[PDB]
Amino acid sequence: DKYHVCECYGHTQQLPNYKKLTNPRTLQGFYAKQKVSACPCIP
Amino acid sequence: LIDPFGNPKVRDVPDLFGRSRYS
Amino acid sequence: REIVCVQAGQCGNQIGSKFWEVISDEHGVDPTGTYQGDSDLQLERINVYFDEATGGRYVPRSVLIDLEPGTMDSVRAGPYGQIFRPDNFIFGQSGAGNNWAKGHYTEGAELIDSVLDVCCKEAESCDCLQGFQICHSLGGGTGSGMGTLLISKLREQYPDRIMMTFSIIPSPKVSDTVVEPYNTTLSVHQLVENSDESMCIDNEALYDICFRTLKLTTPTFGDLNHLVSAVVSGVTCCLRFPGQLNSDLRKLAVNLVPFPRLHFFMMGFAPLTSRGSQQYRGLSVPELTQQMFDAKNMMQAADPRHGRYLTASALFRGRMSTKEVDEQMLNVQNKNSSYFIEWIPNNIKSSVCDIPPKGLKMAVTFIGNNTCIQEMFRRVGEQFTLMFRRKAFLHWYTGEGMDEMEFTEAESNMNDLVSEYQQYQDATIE
Amino acid sequence: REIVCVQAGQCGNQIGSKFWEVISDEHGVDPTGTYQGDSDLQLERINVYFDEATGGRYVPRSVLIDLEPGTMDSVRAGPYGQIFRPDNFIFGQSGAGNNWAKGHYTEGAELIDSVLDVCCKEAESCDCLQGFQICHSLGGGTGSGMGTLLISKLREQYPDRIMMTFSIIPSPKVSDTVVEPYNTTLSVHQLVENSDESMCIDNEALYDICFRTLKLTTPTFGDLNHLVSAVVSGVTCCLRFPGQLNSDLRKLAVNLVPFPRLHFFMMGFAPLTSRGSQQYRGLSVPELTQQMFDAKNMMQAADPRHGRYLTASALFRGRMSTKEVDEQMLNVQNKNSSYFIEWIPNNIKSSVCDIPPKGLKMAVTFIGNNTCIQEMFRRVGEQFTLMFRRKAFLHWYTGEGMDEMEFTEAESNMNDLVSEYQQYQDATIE
Amino acid sequence: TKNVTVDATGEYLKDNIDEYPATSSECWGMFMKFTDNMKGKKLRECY
Amino acid sequence: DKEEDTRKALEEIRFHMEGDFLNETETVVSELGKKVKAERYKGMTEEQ
Amino acid sequence: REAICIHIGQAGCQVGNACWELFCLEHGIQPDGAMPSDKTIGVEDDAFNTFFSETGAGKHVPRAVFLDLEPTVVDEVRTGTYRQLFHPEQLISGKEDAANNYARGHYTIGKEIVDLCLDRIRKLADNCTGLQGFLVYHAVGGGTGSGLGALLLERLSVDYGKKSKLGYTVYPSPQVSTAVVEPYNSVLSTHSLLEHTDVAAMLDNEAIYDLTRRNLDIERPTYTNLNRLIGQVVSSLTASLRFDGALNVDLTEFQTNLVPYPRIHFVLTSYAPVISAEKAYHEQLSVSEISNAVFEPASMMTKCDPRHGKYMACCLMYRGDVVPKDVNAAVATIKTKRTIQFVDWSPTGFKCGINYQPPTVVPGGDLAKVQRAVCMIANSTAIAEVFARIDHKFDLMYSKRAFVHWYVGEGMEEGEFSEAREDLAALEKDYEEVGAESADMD
Amino acid sequence: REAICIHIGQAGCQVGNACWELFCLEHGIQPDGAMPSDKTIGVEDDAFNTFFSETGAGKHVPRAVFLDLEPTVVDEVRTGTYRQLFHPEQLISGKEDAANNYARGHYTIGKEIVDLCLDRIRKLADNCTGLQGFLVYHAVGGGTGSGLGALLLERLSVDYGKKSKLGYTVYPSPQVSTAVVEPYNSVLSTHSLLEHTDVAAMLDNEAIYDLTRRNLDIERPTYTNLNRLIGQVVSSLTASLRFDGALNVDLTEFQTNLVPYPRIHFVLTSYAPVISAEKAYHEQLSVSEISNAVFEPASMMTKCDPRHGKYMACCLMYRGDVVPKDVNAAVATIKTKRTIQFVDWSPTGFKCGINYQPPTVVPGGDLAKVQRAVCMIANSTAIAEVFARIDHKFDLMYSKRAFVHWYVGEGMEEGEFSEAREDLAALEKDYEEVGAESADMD
Ligand SMILES: Nc1nc2c(ncn2[C@@H]2O[C@H](COP(=O)(O)OP(=O)(O)OP(=O)(O)O)[C@@H](O)[C@H]2O)c(=O)[nH]1
Ligand SMILES: Nc1nc2c(ncn2[C@@H]2O[C@H](COP(=O)(O)OP(=O)(O)OP(=O)(O)O)[C@@H](O)[C@H]2O)c(=O)[nH]1
Ligand SMILES: Nc1nc2c(ncn2[C@@H]2O[C@H](COP(=O)(O)OP(=O)(O)O)[C@@H](O)[C@H]2O)c(=O)[nH]1
Ligand SMILES: Nc1nc2c(ncn2[C@@H]2O[C@H](COP(=O)(O)OP(=O)(O)O)[C@@H](O)[C@H]2O)c(=O)[nH]1
Ligand SMILES: [Mg+2]
Ligand SMILES: [Mg+2]
Ligand SMILES: [Zn+2]
Ligand SMILES: [Zn+2]
Ligand SMILES: [Zn+2]
């Protein structure tokens, strides 16, 4: 319309996908399947 | 205090101005 | 012949409190609910409005409905509030928001089942059921939406009984609510199909009654609701006391309504007179008849002088002669003949009851079916079309879920009601 | 005509304490066991529930069984606990662990012989034995497993008598334990084969009764057990007092069960009303009948409006006319004809007893056989299917020794019970 | 500034308790308290 | 007969109003019951 | 029944001190949270519940949070006279300010403090049973008020969703000014108010200074006077929930009656019997006089002249000794006036409220004691003139990239200035189009 | 009825001092073992029996052993104030430590001391008539706690068989650390904890330090504070055996309800009313408030966030003035939240317990006095993140063979490092698989 859809400013009102976000992170499950190297180390 | 028919009536609106809650 | 009452919203609960005070006073019921009367004539028809509880007590057959219990706590706290049965108070947890769509669709459907269960439980206990009586405003939110919802459900469950409503409508000069035209139009659309008889009162007319006739220095809603409770208790008097010519709600409907859509009426009560003047004029049938037809004594803003009477009814209370009633109604019809619809040979029905309200020697209540009611509907329809053409506040109603087609249907049906009144206004014998 | 009571588990022993308080009060037995009554009507049927020991004393015909002695300490601490015979308390030294297989197979077979010995000792003392009465929960561990084991053994030893159970079943909304569905499913499989008549109670219905009708500020399990003890003591009243139309447990069974698997019933007790409201309503047979059929007064989560009545029974206590009872049952059958199975010409049995419960002028207990009870079992089957597809906690039961085929067999039996009720619900004359 | 403005009248209120106005709010009664006590106790509804 | 039924109904109401079930109190208490309050616990007293 | 108050930054905390002082004196809670229960004439009532919760030992504690990035002002609240009233967790303070940068509050620093605030608001909302809105106090001229106000409002919208949020906001005055960078912060707050707020009331200190000089007799007013006036207005609007009356009005009725379209939610506020003690005993103060007073621009708390626009809706709250017949006569007389005009699509322009509780008098206060008062909030197209002057000042500075280095270095894209300025320009065009008469009908 | 406590090494003995001070003060036994001779309460209740036995002379003595390889800590217990409470045989001490080597404890040094421990446990188990489990306190970061704890659990598991063994274990924090070789000891420990424990509760000192800084107002906490909190948790779990209540819970009901599969036995623990005396007067502490508290991750005593996993079962223990209807209303409120998720195969997720005895207050303690408390133990897939951190640290340090020569010298094959690391990798995959939705029926 004549306004902006709030995807500007970097905000979104879409509710989170709880089932996807709820699964844990594991070395083989999550980290080893990344193009850029990732690790469980705290920075 | 008079009813619309002429009879006396009791108060219907509280008297609060000039009153204090705690003695 | 017993009536079940329903009181909805703030206005309905407030008017109901004064009505049940007036009814309890005439039958000698103490504010504790104990009978303390002094004649068997009081007891012999107590069943019409009260059920009997053990060891003397009487309880009133009424349902109280509201969306926040604040009003319910105010009515329970009133001087006669104790008489009401605690289980008869039905309330929700969130308000109508002064919005018709909320009251009809969201909180209405949430509470309506408990109200229908209570109304059926009260109705099926009666040995013979007479009509229901409902008090509500059309300009509000829960009153209009849930009142019309409940009226529709009761009309489905009891289509052979009578449905009677007393209703408050917005004044032509000052609004109490901005969205009044939508709520009024949708409520009138529901009532014209569902209702059997509808009476209308303007708060502006009660203010003009108090200031011009009674010269009250500081009127309050208790006075307006007392005048309304007086007329409300007067209409049913012939149902519950003896008389030379008994009358009933169905007989009033049969004599007042010529065609089923023309069921909106004006109301008046006659022996209104200031305490200073009262010493100067005794009560007599000519005095009651003259005040009864004076437009100053009518409870709507429309004036009879711009219309014509199709039918009228007068209910008299007191020990009185049949000559004064018959000859006065003939004399008034003959002298003002231009104001009466000519294709009906006699427009007035009379009824006489022996027992007057306490402290008055005589009284009459007047019910009138007049075409000047078309002016109120025309004014509401104009304000509705100005607001609807510009989508003035529609997003609230559409967000609740209403289709826009409801607004155009209700406008078309009300416009046809105005056209039908105008057509009967200009009819001729030919 | 003597009844033997069995109380199993914590819920059963606690409900039993209140049951024996109500029965001891009605016959005027002091908590020491001494008779202190004031009418022969109390003494002439005392044998039905009490045996007389020498020098005045009376002892109650009940067996208490549990796997941890904690409950014995709870019943001993109650106001009437002393009345129970010491030899009638059977207990072990370790709990059921909320596990059906442990309660049925390991400690069950260890203790069951001593319980059967006590029940036989109590049964063979009667001159003529009427049915047994058992109280237990289906969601627990020793209640479900040992209760159903004992029910099966008593059904082997006395197949021509009546077997009656009062049973508590897990709420779909509130639970104290995670493994309720397995124990419930296995228990329902045992009951449908062994029982003659089974009543089902939801704790959710008792909480809703307490909060809405009685408006108790802080209800406790003692209140729920008081409502249950009231109905339990009410069903047997016609066995032990005079009346105009006597009735018996066997006549109730003969009139309620059309086919042997359809023996699951609904419960109700009519005079329930808050202390504030009691001043507002006189007692009468229409008021009791109206509360008796209101689903708000029924002790299960399923509502009759979702099913149809095959049969119903009402037992009235008090001095009243038979005409009012018969005409009320005719009016209810005629007005709601769609909710009654049409291939049975009259579904309601009535019974009248002269002696009311202490402090009440009149009372009625209602038993109903309605197909909507299938909805409770379906919900339990849903939760079972969610856990069973993933073998969620099966290793405990398999470690006790159960084969996994047992779970599928029990599920199949419950599914067939639901199917049979659904088929009789939708049957037609053709 | 906050001292001389607000703390002074706070101390005056501490010394004198007759400055609190009386009122009437009868709309808070037993049904409101019943709704208050019954939070989270919804049972036996059909959907 | 009417007067007798009225008297019985008043006695009925008086029994319900003064009872211990609706008033949520207990009067018949055993000595062991003063220590063990398994079911009948409802809350603490004012002194506590 | 209950309402939760959110106070942000310096203006919001200082206005909060006056508000909670008034609410304590109106309900009768002593400064330490106790109550002299033994010295009483009437009876104890539940009315406090809208603003207080009890611990059970009888201490009262209020439903509010105080949010600031500098410690000093909250430490002043912690060490003052009402030290024992507030729970210490409710007073939240960070380490360093947003330095008049909206970017510093929104992106870098407020993101660290925001999660504690949201956890406290959740702990309040869990101890409620009929919450019907949030009241927010902030100024859009400063950095933390604008930036953290915007972030908190955005998070609240997703978490609580449809629940209402009503804001009282101190906007930059049209010629009195306190800081140079006010236009950037006020513009970049446009999205938050436009998309995440249900009604926003705008106040300017220059108007309250004019009202305190002309009506009251104060030659040297200070912020405590303005905050006492704001507290009186909030007490008048919230009295309808807390005390008995002839025509009650729930907070949802304001939203239903005042906003015709979802963006047109900015309202002007005014208060009638602002009068000194020496003048108050020389004059009657009838309903018609105070009704005539609320429409004069000398009575308003925002620097705008409504004669340059058209009214869409008015909501009038009367409290004290008033009779409905006099309110109707007054409103009919106002309706008769020729200098008051309503848009032709809004025929029923008024909502009325009547409450019996008269306004409270505060011991150190400057208002006189009066038996009746009226307060009005109204939606009018004249407000479009207020935005245009800020847009002109923003256009002046952004042209030369006068101070953009601070915002871009602290984390903001230069595009956000053009985005915010075009969105407020579209809001001005919306206010121009909605107010145009439908003279073309056939 | 009875439970036997086994305390190993420094952390286990120091936590034992706090536990036995609390259990003595809760029952009323004086530090010298004799109850007050003039304290005639009226009925000598049996509640002490869970933790004390009488010596026939009327003294009470506790059902515990203290195990250490260095003398200092046990000699400190022998010379302190509670010298007369313990039987001297119960305090067992060796000559020299396991020097942070799991290999030294398991193979070289613990093998000499283990038979005395078994003789003491035999003498305790013979003085029981309803023993229903062992409670074990140890840290897996040190040499003797890991090595001798594993060896002793193996021997107990062969000798006693089905009897339950419940462990309270101090695990290494993600970032705070005390010794370099912690990763090797914690990997080698986990195989034994996996095979020889029925429920294992995991603790991290960094979480209890955060809890003591945030909730209590202590700037410089020490181990005595953490040990008093652990003692409170153990007292809450064992209260169900010792005092009257509405719904009792025996330890086998705990094991039956909390463990879904025999390997899935690692649980998180939290405690609600950790509060200071000054905070206690600003807030009521109702059942629903403390129930809401146990689910916030700020309340946990292990450094894991449960929002990153799914709950399978929760066991809630309430002690004090609570009514079952309030517990049901609280649990019904928790179920509505969307940030709390249960695996779809676990529909009835809660177990409840209700006991009437309120928590005891210790004179020198830092907790306030409160009328009610709730303690929660829960099983969740979020623990896979905990194991992933230890695995990563072991991988780096082993890849180099940074310290292996110590372990090989003290008796261990280098292969044992690889075996334990693969067994932990399989447990980590089990926690990944159990949380996978059942999309097989599509
Ligand atoms: N009415 C009123 N206005 C105030 C008050 N305090 C500040 N203001 C005004 O609000 C604006 C300043 O905003 P502040 O609240 O100081 O900004 P802030 O929230 O502290 O932001 P930072 O400076 O980054 O910490 C100016 O226009 C002030 O005139 C007050 O107590 N009352
Ligand atoms: N909470 C707590 N943690 C402790 C305590 N004592 C030690 N720890 C922690 O446990 C780990 C050290 O384990 P220790 O108990 O010292 O090892 P050990 O049992 O003495 O083994 P050896 O050194 O071979 O004698 C470190 O992470 C310490 O922070 C204590 O009293 N309380
Ligand atoms: N006569 C009369 N009118 C009333 C009374 N109370 C409210 N009204 C009118 O009813 C309308 C407001 O409707 P209301 O009852 O508030 O609607 P609700 O919000 O749905 O309950 C206005 O026109 C009021 O003037 C009363 O006691 N008497
Ligand atoms: N109505 C009622 N329910 C109870 C009572 N005691 C326990 N329950 C319920 O029964 C279930 C516990 O079962 P329980 O009797 O302990 O099983 P058992 O261990 O095998 O005896 C839970 O849902 C309790 O809430 C009681 O006295 N009355
Ligand atoms: Mg600042
Ligand atoms: Mg050591
Ligand atoms: Zn955009
Ligand atoms: Zn946005
Ligand atoms: Zn790494």
# chains A, B, ... in the order shown; residues from 1 in each chain; ligands from 1
$ closest_atom_pairs --of "chain C" --to "chain D" --cutoff "8 Å" --atoms "only C-alpha atoms" --output "Markdown table"
| residue | atom | partner | partner_atom | distance |
| --- | --- | --- | --- | --- |
| C:52 | CA | D:282 | CA | 7.6 |
| C:53 | CA | D:282 | CA | 4.9 |
| C:54 | CA | D:282 | CA | 4.6 |
| C:57 | CA | D:280 | CA | 7.9 |
| C:59 | CA | D:280 | CA | 7.1 |
| C:85 | CA | D:280 | CA | 6.4 |
| C:86 | CA | D:277 | CA | 6.3 |
| C:87 | CA | D:277 | CA | 7.6 |
$ write_last_selection --atoms "N, CA, C and O atoms" --output "PDB file, in the first residue's frame"
ATOM      1  N   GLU C  52     -42.962 -18.719  45.071  1.00  0.00           N
ATOM      2  CA  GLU C  52     -43.066 -18.724  46.543  1.00  0.00           C
ATOM      3  C   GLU C  52     -41.935 -19.550  47.135  1.00  0.00           C
ATOM      4  O   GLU C  52     -41.821 -20.745  46.786  1.00  0.00           O
ATOM      5  N   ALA C  53     -41.130 -18.914  47.987  1.00  0.00           N
ATOM      6  CA  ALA C  53     -40.115 -19.655  48.768  1.00  0.00           C
ATOM      7  C   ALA C  53     -40.637 -19.893  50.181  1.00  0.00           C
ATOM      8  O   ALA C  53     -41.573 -19.182  50.642  1.00  0.00           O
ATOM      9  N   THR C  54     -39.979 -20.802  50.883  1.00  0.00           N
ATOM     10  CA  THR C  54     -40.582 -21.388  52.095  1.00  0.00           C
ATOM     11  C   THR C  54     -40.776 -20.422  53.252  1.00  0.00           C
ATOM     12  O   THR C  54     -40.013 -19.482  53.406  1.00  0.00           O
ATOM     13  N   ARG C  57     -41.846 -16.353  52.049  1.00  0.00           N
ATOM     14  CA  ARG C  57     -41.062 -15.471  51.161  1.00  0.00           C
ATOM     15  C   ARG C  57     -41.461 -15.558  49.700  1.00  0.00           C
ATOM     16  O   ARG C  57     -41.975 -16.592  49.260  1.00  0.00           O
ATOM     17  N   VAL C  59     -39.966 -14.641  45.652  1.00  0.00           N
ATOM     18  CA  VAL C  59     -38.724 -14.372  44.888  1.00  0.00           C
ATOM     19  C   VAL C  59     -39.131 -13.947  43.482  1.00  0.00           C
ATOM     20  O   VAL C  59     -40.109 -14.492  42.943  1.00  0.00           O
ATOM     21  N   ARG C  85     -32.680 -13.852  43.512  1.00  0.00           N
ATOM     22  CA  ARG C  85     -32.020 -15.162  43.711  1.00  0.00           C
ATOM     23  C   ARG C  85     -30.577 -15.096  43.211  1.00  0.00           C
ATOM     24  O   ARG C  85     -30.342 -14.671  42.068  1.00  0.00           O
ATOM     25  N   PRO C  86     -29.585 -15.459  44.043  1.00  0.00           N
ATOM     26  CA  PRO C  86     -28.184 -15.348  43.627  1.00  0.00           C
ATOM     27  C   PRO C  86     -27.848 -16.081  42.320  1.00  0.00           C
ATOM     28  O   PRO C  86     -27.062 -15.565  41.530  1.00  0.00           O
ATOM     29  N   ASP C  87     -28.439 -17.252  42.103  1.00  0.00           N
ATOM     30  CA  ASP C  87     -28.148 -18.068  40.896  1.00  0.00           C
ATOM     31  C   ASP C  87     -28.682 -17.412  39.626  1.00  0.00           C
ATOM     32  O   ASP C  87     -28.335 -17.889  38.533  1.00  0.00           O
TER      33      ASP C  87
END
$ residues_near_ligand --ligand "ligand 1" --cutoff "9 Å" --atoms "only C-alpha atoms and all ligand atoms" --output "PDB file with C-alpha atoms, in the first residue's frame"
ATOM      1  CA  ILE G   8      10.892   5.222  30.667  1.00  0.00           C
ATOM      2  CA  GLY G   9      13.820   7.611  31.139  1.00  0.00           C
ATOM      3  CA  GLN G  10      13.996  10.935  32.961  1.00  0.00           C
ATOM      4  CA  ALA G  11      10.645  12.529  32.138  1.00  0.00           C
ATOM      5  CA  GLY G  12       8.861   9.208  32.622  1.00  0.00           C
ATOM      6  CA  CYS G  13      10.360   8.527  36.056  1.00  0.00           C
ATOM      7  CA  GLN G  14       9.842  12.123  37.269  1.00  0.00           C
ATOM      8  CA  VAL G  15       6.195  12.058  36.064  1.00  0.00           C
ATOM      9  CA  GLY G  16       5.916   8.670  37.799  1.00  0.00           C
ATOM     10  CA  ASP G  68      16.504   4.267  32.903  1.00  0.00           C
ATOM     11  CA  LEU G  69      20.027   3.989  31.458  1.00  0.00           C
ATOM     12  CA  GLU G  70      21.677   6.401  33.917  1.00  0.00           C
ATOM     13  CA  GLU G  96      25.382   4.565  30.600  1.00  0.00           C
ATOM     14  CA  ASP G  97      22.965   6.818  28.716  1.00  0.00           C
ATOM     15  CA  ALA G  98      21.926   6.794  25.046  1.00  0.00           C
ATOM     16  CA  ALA G  99      23.581  10.254  24.707  1.00  0.00           C
ATOM     17  CA  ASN G 100      20.636  11.759  22.738  1.00  0.00           C
ATOM     18  CA  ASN G 101      21.206   9.095  20.042  1.00  0.00           C
ATOM     19  CA  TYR G 102      18.144   7.062  19.039  1.00  0.00           C
ATOM     20  CA  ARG G 104      22.506   4.116  20.627  1.00  0.00           C
ATOM     21  CA  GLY G 105      19.331   3.319  22.561  1.00  0.00           C
ATOM     22  CA  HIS G 138       8.083   8.728  27.815  1.00  0.00           C
ATOM     23  CA  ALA G 139       9.561  11.665  25.914  1.00  0.00           C
ATOM     24  CA  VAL G 140      10.412  11.254  22.204  1.00  0.00           C
ATOM     25  CA  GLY G 141      13.045  14.029  22.326  1.00  0.00           C
ATOM     26  CA  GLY G 142      15.725  12.015  24.139  1.00  0.00           C
ATOM     27  CA  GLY G 143      17.797   9.038  23.058  1.00  0.00           C
ATOM     28  CA  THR G 144      16.830   6.265  25.475  1.00  0.00           C
ATOM     29  CA  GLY G 145      13.145   7.279  25.592  1.00  0.00           C
ATOM     30  CA  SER G 146      12.887   7.111  21.799  1.00  0.00           C
ATOM     31  CA  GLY G 147      15.087   4.088  21.102  1.00  0.00           C
ATOM     32  CA  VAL G 170       6.017  14.490  25.668  1.00  0.00           C
ATOM     33  CA  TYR G 171       6.746  15.611  22.098  1.00  0.00           C
ATOM     34  CA  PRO G 172       9.178  18.438  21.183  1.00  0.00           C
ATOM     35  CA  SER G 173       7.561  21.870  21.717  1.00  0.00           C
ATOM     36  CA  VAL G 176      10.776  26.037  23.216  1.00  0.00           C
ATOM     37  CA  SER G 177      13.558  23.475  22.760  1.00  0.00           C
ATOM     38  CA  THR G 178      16.137  21.731  24.951  1.00  0.00           C
ATOM     39  CA  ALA G 179      18.492  19.878  22.561  1.00  0.00           C
ATOM     40  CA  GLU G 182      15.422  16.547  18.795  1.00  0.00           C
ATOM     41  CA  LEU G 203       1.924  16.986  25.400  1.00  0.00           C
ATOM     42  CA  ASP G 204       4.170  20.041  25.025  1.00  0.00           C
ATOM     43  CA  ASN G 205       5.755  21.781  28.023  1.00  0.00           C
ATOM     44  CA  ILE G 208       1.582  23.659  30.351  1.00  0.00           C
ATOM     45  CA  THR G 222       9.202  23.817  37.507  1.00  0.00           C
ATOM     46  CA  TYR G 223       8.719  20.258  36.220  1.00  0.00           C
ATOM     47  CA  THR G 224       7.031  19.102  39.454  1.00  0.00           C
ATOM     48  CA  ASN G 225       4.102  21.443  38.661  1.00  0.00           C
ATOM     49  CA  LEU G 226       3.705  20.046  35.127  1.00  0.00           C
ATOM     50  CA  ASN G 227       3.981  16.483  36.472  1.00  0.00           C
ATOM     51  CA  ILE G 230      -0.341  15.255  34.244  1.00  0.00           C
TER      52      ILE G 230
END
$ residues_around --residues "residue 18 (chain E)" --least-positions-apart "2" --cutoff "8 Å" --atoms "only C-alpha atoms" --output "list in words"
residues 20, 21, 22 and 23 of chain B; 16, 20 and 21 of chain E
$ closest_residue --among "G:118, G:424, G:234, G:274" --to "chain A" --atoms "only C-alpha atoms"
G:424
$ residues_around --residues "residue 35 (chain E)" --least-positions-apart "2" --cutoff "10 Å" --atoms "only C-alpha atoms" --output "PDB file with N, CA and C atoms, in the first residue's frame"
ATOM      1  N   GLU C  68     -19.616  -7.485  32.676  1.00  0.00           N
ATOM      2  CA  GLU C  68     -18.686  -7.302  33.822  1.00  0.00           C
ATOM      3  C   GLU C  68     -19.533  -7.238  35.090  1.00  0.00           C
ATOM      4  N   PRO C  69     -19.142  -7.921  36.176  1.00  0.00           N
ATOM      5  CA  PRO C  69     -20.035  -8.017  37.326  1.00  0.00           C
ATOM      6  C   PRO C  69     -20.162  -6.731  38.143  1.00  0.00           C
ATOM      7  N   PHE C  91     -23.022 -13.502  34.394  1.00  0.00           N
ATOM      8  CA  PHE C  91     -22.059 -12.489  33.921  1.00  0.00           C
ATOM      9  C   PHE C  91     -20.835 -13.149  33.298  1.00  0.00           C
ATOM     10  N   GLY C  92     -20.168 -12.393  32.434  1.00  0.00           N
ATOM     11  CA  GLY C  92     -18.942 -12.896  31.797  1.00  0.00           C
ATOM     12  C   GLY C  92     -17.692 -12.324  32.433  1.00  0.00           C
ATOM     13  N   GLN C  93     -16.642 -12.168  31.636  1.00  0.00           N
ATOM     14  CA  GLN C  93     -15.360 -11.667  32.183  1.00  0.00           C
ATOM     15  C   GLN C  93     -14.812 -10.530  31.315  1.00  0.00           C
TER      16      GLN C  93
ATOM     17  N   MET E  30     -19.054  -8.976  45.833  1.00  0.00           N
ATOM     18  CA  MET E  30     -18.794 -10.403  45.968  1.00  0.00           C
ATOM     19  C   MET E  30     -18.606 -11.104  44.627  1.00  0.00           C
ATOM     20  N   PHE E  31     -19.299 -10.674  43.570  1.00  0.00           N
ATOM     21  CA  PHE E  31     -19.134 -11.342  42.281  1.00  0.00           C
ATOM     22  C   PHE E  31     -17.768 -11.046  41.675  1.00  0.00           C
ATOM     23  N   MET E  32     -17.262  -9.828  41.876  1.00  0.00           N
ATOM     24  CA  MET E  32     -15.911  -9.505  41.432  1.00  0.00           C
ATOM     25  C   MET E  32     -14.881 -10.364  42.153  1.00  0.00           C
ATOM     26  N   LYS E  33     -15.056 -10.557  43.461  1.00  0.00           N
ATOM     27  CA  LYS E  33     -14.142 -11.409  44.215  1.00  0.00           C
ATOM     28  C   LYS E  33     -14.269 -12.868  43.798  1.00  0.00           C
ATOM     29  N   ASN E  37     -11.157 -15.067  42.498  1.00  0.00           N
ATOM     30  CA  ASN E  37     -10.692 -16.307  43.109  1.00  0.00           C
ATOM     31  C   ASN E  37     -10.673 -17.465  42.130  1.00  0.00           C
ATOM     32  N   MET E  38     -11.394 -17.355  41.019  1.00  0.00           N
ATOM     33  CA  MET E  38     -11.595 -18.478  40.122  1.00  0.00           C
ATOM     34  C   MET E  38     -10.733 -18.412  38.868  1.00  0.00           C
ATOM     35  N   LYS E  39      -9.518 -17.889  38.968  1.00  0.00           N
ATOM     36  CA  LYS E  39      -8.634 -17.847  37.815  1.00  0.00           C
ATOM     37  C   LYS E  39      -8.032 -19.226  37.573  1.00  0.00           C
TER      38      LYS E  39
ATOM     39  N   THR G 129      -5.517 -10.870  36.532  1.00  0.00           N
ATOM     40  CA  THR G 129      -6.637 -11.720  36.060  1.00  0.00           C
ATOM     41  C   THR G 129      -7.581 -10.986  35.103  1.00  0.00           C
ATOM     42  N   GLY G 130      -7.462  -9.671  34.967  1.00  0.00           N
ATOM     43  CA  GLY G 130      -8.250  -8.940  33.961  1.00  0.00           C
ATOM     44  C   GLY G 130      -7.484  -7.718  33.502  1.00  0.00           C
TER      45      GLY G 130
END
$ calpha_fit_rmsd --fixed "chain H" --moving "chain G"
0.6 Å
$ residues_near_ligand --ligand "ligand 7" --cutoff "12 Å" --atoms "only C-alpha atoms and all ligand atoms" --output "list in words"
residues 1, 2, 3, 4, 5, 6, 7, 8, 9, 10, 11 and 12 of chain A; 191, 415, 416, 418, 419, 420, 422 and 423 of chain G
